[PDB]
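Have a look at the structure below, then the notes.
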Amino acid sequence: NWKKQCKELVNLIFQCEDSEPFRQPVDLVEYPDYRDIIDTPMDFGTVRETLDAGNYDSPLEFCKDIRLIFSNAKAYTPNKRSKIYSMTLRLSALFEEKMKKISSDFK
């Protein structure tokens, strides 16, 4: 059951300290130029909601949206000295480790 596996992984991510800036959509009052840089916003709350609505056709679609969270974060704050950049690298690494098993069990 890939859907329950992906749900467990999203719940795991919400418990990770590094996910805090990615739990909700980026706020456009706080970051007014965000959408001049980012075409397709994404966050873990949205991913959770999409999964619960049954609106991912496969784990690859789920993964693509999670990868988008990280690519967006790195695009908007590209300075590798920044806290957010390091939090993105660490959380990305954990996610990819976990997603590997889900993707195998599927294929």
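In the structure tokens, chains take letters A, B, ... by order of appearance, with residues numbered from 1 within each chain and ligands from 1 in the order shown.
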For residue 3 in chain A: contacts at 9 Å, only C-alpha atoms, fewer than 5 positions along chain excluded, given as a PDB file with C-alpha atoms, in the first residue's frame:
ATOM      1  CA  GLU A   8       3.546   7.602   6.983  1.00  0.00           C
ATOM      2  CA  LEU A  51      -2.678  12.434  -0.727  1.00  0.00           C
ATOM      3  CA  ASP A  52      -5.712  12.323   1.631  1.00  0.00           C
ATOM      4  CA  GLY A  54      -6.658  10.529  -3.290  1.00  0.00           C
ATOM      5  CA  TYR A  56      -1.904  11.386  -6.480  1.00  0.00           C
ATOM      6  CA  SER A  58       1.206   7.157  -8.086  1.00  0.00           C
ATOM      7  CA  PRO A  59       4.085   7.519  -5.632  1.00  0.00           C
TER       8      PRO A  59
END
Please list as a list in words every residue within 12 Å of residue 86 in chain A, counting only C-alpha atoms and excluding residues in the same chain fewer than 5 positions away.
residues 18, 19, 70, 73, 74, 77, 78, 79, 80, 81, 91, 92 and 93 of chain A
I'd like to know which of A:28, A:99, A:38, A:87 is closest to residue 10 in chain A, using only C-alpha atoms.
A:99
Helix (DSSP H, G or I) call set, DSSP backbone run, range 11-77 of chain A, as a ChimeraX atom specification
/A:11-14,17-22,34-37,44-52,59-76
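Closest approach to residue 62 in chain A from the set A:22, A:76, A:34, A:95 is made by A:95, with distances taken over only C-alpha atoms.
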Using only C-alpha atoms, which residues sit within 12 Å of residue 104 in chain A once same-chain residues fewer than 3 positions away are excluded, as a ChimeraX atom specification?
/A:2,5,59-60,97-101,107
Write out the residues from the selection above, keeping C-alpha atoms, as a compact mmCIF listing (two decimals), in the first residue's frame.
# COMPACT_ATOMS: atom_id res chain seq x y z
CA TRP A 2 2.03 2.89 -1.37
CA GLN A 5 3.55 4.36 3.07
CA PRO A 59 4.08 7.52 -5.63
CA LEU A 60 6.16 9.16 -8.44
CA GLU A 97 16.47 7.67 1.73
CA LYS A 98 12.89 6.82 2.72
CA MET A 99 11.32 7.32 -0.69
CA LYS A 100 13.74 4.74 -2.19
CA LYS A 101 11.98 1.85 -0.38
CA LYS A 107 8.25 -1.33 -9.07
Report as a PyMOL selection string all protein, DNA and RNA residues lying within 8 Å of range 67-69 of chain A, evaluated on only C-alpha atoms, omitting residues in the same chain fewer than 6 positions from it.
chain A and resi 22+40-44+92
Convert the current residue selection to file output with C-alpha atoms, as a PDB file, in the first residue's frame.
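Saved file part_23.pdb follows:
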ATOM      1  CA  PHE A  22       7.794  23.943   4.664  1.00  0.00           C
ATOM      2  CA  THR A  40       4.679  26.280  -8.665  1.00  0.00           C
ATOM      3  CA  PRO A  41       4.576  26.660  -4.906  1.00  0.00           C
ATOM      4  CA  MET A  42       4.424  23.519  -2.782  1.00  0.00           C
ATOM      5  CA  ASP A  43       4.452  22.604   0.935  1.00  0.00           C
ATOM      6  CA  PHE A  44       3.950  19.452   3.062  1.00  0.00           C
ATOM      7  CA  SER A  92      16.001  16.229   1.322  1.00  0.00           C
TER       8      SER A  92
END
Could you name the residues that touch residue 1 in chain A at 10 Å or less, counting only C-alpha atoms, but leaving out those on the same chain fewer than 6 positions away, as a list in words?
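Residues near the query, excluding close chain neighbours: residues 102, 105 and 106 of chain A.
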Keeping only N, CA and C atoms, write the selected residues to a file as a short mmCIF file (atom, residue, chain, number, x, y, z; two decimals), in the first residue's frame.
data_model
loop_
_atom_site.label_atom_id
_atom_site.label_comp_id
_atom_site.auth_asym_id
_atom_site.auth_seq_id
_atom_site.Cartn_x
_atom_site.Cartn_y
_atom_site.Cartn_z
N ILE A 102 9.89 2.99 -0.85
CA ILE A 102 8.52 3.11 -1.35
C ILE A 102 8.49 2.87 -2.87
N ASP A 105 9.21 -1.00 -3.69
CA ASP A 105 7.99 -1.76 -3.39
C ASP A 105 6.91 -1.56 -4.45
N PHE A 106 6.89 -0.37 -5.06
CA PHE A 106 5.99 -0.09 -6.19
C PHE A 106 6.42 -0.78 -7.50
#
Interatomic distance, CA of residue 49 in chain A to CA of residue 71 in chain A (Å, one decimal):
20.1 Å
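Picture a line from CA of residue 84 in chain A to CA of residue 61 in chain A; it runs 24.5 Å.
The shortest atom-to-atom distance to residue 12 in chain A, with only C-alpha atoms taken into account, belongs to A:94 out of A:57, A:103, A:88, A:94.
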